[PDB]
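Form deposited in one PDB entry, single chain, as structure tokens, below.
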């Protein structure tokens, strides 16, 4: 009898798909891991469940607890969804530059939203949450950028899904970095198992903080937070690639139009990088996995579609 008790048992176990047309100049094989096959259509559903389960198991949730989280949208949607199922009160801080679909979804799940200034980006969404936390003891702030449960769920689920599904043949994993939980969790398991495996972090050209540049405003929602997240393990990352806004957008569009994969802006960015890596002679016949974080329907109000 395969019936989930609730929506939290429905996270993960996402499919890999081979790219066929969006492969210009590739000498390696590129397969995309499709994270919109999650119950609220993003990779972050994984951490939304995981961070709350961790809290529950450590006895951190009280009857009057209010969940408070800084988000660029998807974690907020993930927590709002888990809170709907659980019966928890949930508040999100989020920059006002994020897609209007994120705002509407948050509300639709009965969560509450506080918009932070767009010039301050993710750093300022964090501050408002940390600032609200100290006004009232009822707040519990998971804090995805610091929470061990974030990369942990990726070890336990994402990494094993990638390993099993490629039958250990995976050679390189390309992934945009927001909190860096995805790339870190996957590298933690796969790199120990297969020390030849390599891990490429992707970040906006317009905000290249990991590459040692200064932060800046960009449309690549979900990544380029503007600081080095505590949760990322940079010792496991083998290469950083920065992607321009226009490339990220164009490739996002080609995936929809050439592959039938309607994905968000950060998935275009990860694929630009996966393609670049796949053109290197030394990677001929290797297997590359690019993580595609979410669905493009969340972006209709953005310039991805206009």
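Positions refer to the first chain, counted from 1. Residues that one form lacks are left out of the comparison. The term rigid core refers to the most C-alpha atoms you can superpose between the two forms while keeping them within 1.5 Å.
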Which of 251-259 and 237-245 has higher mean CA B factor, as the PDB entry lists it: 237-245
Entry-level comparison of average CA B-factors, 94-102 and 121-129, reporting the higher stretch: 121-129
Selection from 28, 50, 273, 34 [criterion: highest C-alpha temperature factor in the record]: 28
Chain third (lowest, middle, highest) by recorded CA B-factor, residue given as residue 192: highest
Assigned third (lowest, middle, highest) for the C-alpha B factor of residue 168: lowest
Modelled-residue ranking by C-alpha temperature factor, third containing residue 3: middle
Chain-relative CA temperature factor third for residue 112: middle
Record-listed C-alpha B factor of residue 40: chain third: lowest
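Here the subject shifts to the form deposited in another entry, a form of this protein not shown in this document.
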Position with Cα shift of 2 Å or more, rigid core superposed between this form and the one not shown, options 148, 168, 216, 117: 117
Shift of residue 192 between this form and the one not shown at or above 2 Å (CA, core fit): no
Residue shift check between this form and the one not shown, rigid core fit, residue 101 Cα at least 2 Å: yes
Large Cα move at residue 127 between this form and the one not shown, threshold 2 Å, rigid core: yes
Stretches between this form and the one not shown where the CA atoms of at least 3 consecutive shared residues shift 2 Å or more, core fixed: 70-72, 93-104, 113-132
